[PDB]
Ligand SMILES: [Cl-]
């Protein structure tokens, strides 16, 4: 078998560190002047082809952010590996939530967790898994032993298929109804139509430009409809969720 993997996360999350740990020395060529970094390894007969997305804080349409946002929607991947810095979860997991809305196979890799044990803060990864609805693993991206064990675990997961349960993240009645009017427009695409509709409601360039004139005017009309500023409602919903989540999964 061949498996294709994307590594994604915030700058200095350690996604580059994990990328490097898993690949050793391997290739580099462009996405445009922006450089595209690719590497491989072999484990248990199977080959692994990895692409590293530039570091981003959010999937917004800013050229590095553009590339990454494009790539999580359209680039082939058997799995997305979201590397997360554990020492600032409220910020890090924002993108995680966006990634979960896509409903593409993914894993969340919690980095920097020995830094967190300093503070005498522990995380319940069982519950965090229950919240996110994807695999969550603890892994220091900078020790090669744990990265190597991670190779076997990744191989396992890819082999049996990654079980995911859809993230229960609700935007309130008015926004849900707007999402609902628009999903058909985005049905039977390579990604969840709900995420595409959310992207469109956010006036995402990437999604919106794929549309014909009529349906563009339908999206823009739904934007106009919404009483609350959208970018702000999406943030309150999301950061409220991470506060909920963080208050369940943390203990000092
Ligand atoms: Cl899902």
Using a Förster distance of 30 Å, the FRET efficiency for residue 88-residue 228 (Cβ separation, nearest 0.05): 0.65
Cα gyration tensor category, rounded, prolate or oblate, for the stretch 92-141 with a/c compared to 1.5: prolate
Euclidean distance between Cα centres, the stretch 195-230 to the stretch 11-83, Å: 28 Å
Size of the stretch 173-237 as Cα extents on the principal axes (Å, biggest first): 28, 22, 19
Stretch gain in nm, segment residue 215-residue 70, where the contour uses 0.36 nm per residue and the Cα spacing is subtracted: 50.1 nm
The chain, helix-only ellipticity at 222 nm - DSSP H runs n ≥ 4, -39,500 (n - 2.57), divided by all residues, nearest 500: -14500 deg cm²/dmol
At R0 = 30 Å, FRET efficiency that the Cβ-Cβ distance of residue 127 and residue 189 yields, to 0.05: 0.40
Rounded to 5, percent antiparallel among DSSP beta bridges of the chain: 40 percent
Anisotropy class of the stretch 31-171 from Cα gyration tensor, a/c 1.5 cut: rounded
Å³ per residue enclosed by the Cα convex hull of the chain: 132 Å³
Highest-first arrangement of 108-118, 137-147, where packing means the average Cβ count within 10 Å: 108-118, 137-147
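Cβ: placed from backbone, ideal geometry, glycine included. Neighbour counts: every protein chain shown. FYI, it's all coordinate maths here, none of it is from the lab.
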